[PDB]
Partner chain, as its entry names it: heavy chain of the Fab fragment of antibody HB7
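Presented as structure tokens, the chain that follows is alone, the form solved without its partner chain.
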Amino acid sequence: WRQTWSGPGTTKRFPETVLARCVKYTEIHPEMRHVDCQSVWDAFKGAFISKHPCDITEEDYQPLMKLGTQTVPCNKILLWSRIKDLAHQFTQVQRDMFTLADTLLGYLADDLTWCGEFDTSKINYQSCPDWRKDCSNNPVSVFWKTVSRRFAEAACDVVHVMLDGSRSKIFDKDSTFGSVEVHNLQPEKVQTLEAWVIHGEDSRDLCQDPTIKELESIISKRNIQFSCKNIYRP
């Protein structure tokens, strides 16, 4: 039996959008011709269709992760927390830096919402679970959790993270960066995490904020060097 959820339903034209994005991505990036976009869509579907949308596991997304596997320039990863648009905008100018949005899976899934239901093979366009009001293990949250774990595992040498100085918690231990990514930067592989605290709020040294000291101690226990910089948005 189905229930009404508290969050928006699946983005209109979801199947066509994912397929069209996959076709566009594989055209631009020749390294990915070995991917059949029909196969990618099948695997995507099998992660959440005919499943209760609060019982989704990272394991459900493994077939899609396997088809969407992609080498990346591991020494040029730019992570970010709660500052997506500015991050992307930074990498359009500093072109040699690489974010999750530049990967196939991140490009396919950007700004979309999706879920299914236990009793049917249909996409639910009516509503989907809100992460706070309904459940954390919903199709969208678990997707981003899964790809993020894997993206952090891929990084090497010097990893950069853009953080937003205008947030109450500049570093939030409970965000995706703060839980999943920070704890999966691999001790040997990654030598340094360099944080960039962005101003646009208080205009003084924000690298001494309690939450940045938290971030420093977390990183430090994984045998990774930590650096911080105050940077000003134009």
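Positions refer to the first chain, counted from 1.
Only in words, not in the display: the form deposited with its partner chain bound, which the text now covers.
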Problem set entry | All of 161, 175 and 181 with a heavy atom within 4.5 Å of its partner chain in the deposited complex | no
For this session: Flag residue 168 as yes or no: does it have a non-hydrogen atom within 4.5 angstroms of any non-hydrogen atom of its partner chain in the deposited complex?
Result: no
Problem set entry | Any non-hydrogen atom of residue 225 within 4.5 angstroms of its partner chain in the deposited complex | yes
For this session: Decide whether residue 220 counts as a contact residue for its partner chain in the deposited complex under a heavy atom distance cut-off of 4.5 Å.
Result: yes
Exercise. Even though its partner chain is not shown here, does residue 205 get within 4.5 Å of it in the deposited complex, heavy atoms only?
Worked result: yes
